[PDB]
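Below, in structure tokens: the form deposited in one PDB entry, a single chain.
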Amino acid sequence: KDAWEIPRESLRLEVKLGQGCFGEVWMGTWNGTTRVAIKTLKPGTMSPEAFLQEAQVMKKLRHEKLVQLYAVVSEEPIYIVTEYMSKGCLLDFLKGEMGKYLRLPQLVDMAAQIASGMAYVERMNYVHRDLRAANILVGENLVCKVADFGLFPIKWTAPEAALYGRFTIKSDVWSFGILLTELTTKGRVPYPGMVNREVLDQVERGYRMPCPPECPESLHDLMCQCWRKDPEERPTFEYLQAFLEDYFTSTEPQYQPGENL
């Protein structure tokens, strides 16, 4: 019964963006004037409280690289209202029409922003648990924001988290290393050709994805640093953030555009 509550008629659900078993997300209009994302609860498929656990967690987390909760409707039909991201999934953005044109300079910049959102998460002592391109939202002028659609994603999960449930900001960092992979193969599923079991067995015995085609060793190496066996050997988001922002001067300042990267 908060100050996030809004009269219902002040929402116009226009285009359907996704459907799950728990509800739907629509694009729409709030207060006649402003573009929004509207999460839905399909009644009966979970409690009112356990659906509004999302809004409570987003209420304590504000930053320009995290998707912002705007408003809620706290009685059936229930709604969670966020800012609108005109480009959708980073994943879909990488794979579709805008893929051909992305270059390492754009992809590293997208990466820096995720890093920046995740550095906020680091500082608030929170853990994402599902960092991967599917959970990053893209906006105009390539803005990227950390989000969560709510969905096991083993190809992206640090092994101590997949096996023992030791989920931390450092198992998040490993996922980041995986995300760096989707940014640089424009969206391709990591560990191509391998099923989950093949992955677990192999990363466990030290296998790590090679340098993607046309991507500098110095970024592949940043990947490898994220994928160190021991969780505490992995770098922070603050470090990852500063390494990515600075990349084209400090690390690869002799970078020349190629055919894909």
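We number the residues from 1 along the sequence you see. Only the largest set of C-alpha atoms that superpose within 1.5 Å between the two forms is called the rigid core. Shifts are known only where both forms have a C-alpha.
J.: Pick one of none, 1 to 3, 4 to 9 or 10 or more for the number of deposited-sequence residues not modelled between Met98 and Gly99.
T.: Gap size class: none, per the record.
J.: With reference to the PDB entry, specify whether the mean Cα temperature factor is higher for 11-19 or for 234-242.
T.: Mean B over CA atoms: larger for 11-19.
J.: Could you check which stretch, 76-84 or 98-106, carries the larger mean CA temperature factor in the entry?
T.: Mean C-alpha B-factor is greater for 76-84.
J.: Specify which of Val203, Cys215, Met209, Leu52 carries the largest Cα B factor in the deposited PDB entry.
T.: Highest C-alpha B-factor among the listed residues goes to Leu52.
J.: Based on what the PDB entry reports, which of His63, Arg228, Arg197, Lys59 has the top C-alpha B-factor?
T.: Result of the comparison over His63, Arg228, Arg197, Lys59: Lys59.
J.: Taking the values exactly as deposited, rank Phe152 by C-alpha B-factor within its chain and report the matching third: lowest, middle or highest.
T.: Highest third of the chain for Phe152's C-alpha B-factor.
J.: Taking the entry's C-alpha B-factors for this chain, is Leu41 in the lowest, middle or highest third?
T.: Within its chain, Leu41 is a highest-third residue by C-alpha B-factor, going by the deposited values.
J.: Would the CA B-factor of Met27 place it in the lowest, middle or highest third of its chain?
T.: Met27: CA B-factor falls in the highest third of its chain.
J.: Please place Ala71 in the lowest, middle or highest third of its chain according to the CA B-factor in the PDB entry.
T.: Highest third of the chain for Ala71's C-alpha B-factor.
Missing here is the form deposited in another entry; even so, the following discussion is about that form.
J.: Once both forms sit on the same rigid core, is the C-alpha displacement of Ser250 at or above 2 Å between this form and the one not shown?
T.: No, the C-alpha position differs by under 2 Å between this form and the one not shown.
J.: Is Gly20 among the residues whose Cα moves by 2 Å or more between this form and the one not shown after superposition of the rigid core?
T.: The answer is yes, as the C-alpha of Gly20 shifts between this form and the one not shown by 2 Å or more after core alignment.
J.: Give the residue ranges, in sequence order, where three or more consecutive C-alphas each shift by 2 Å or more between this form and the one not shown after rigid core alignment.
T.: Moving regions between this form and the one not shown: 5-11, 20-23, 76-78.
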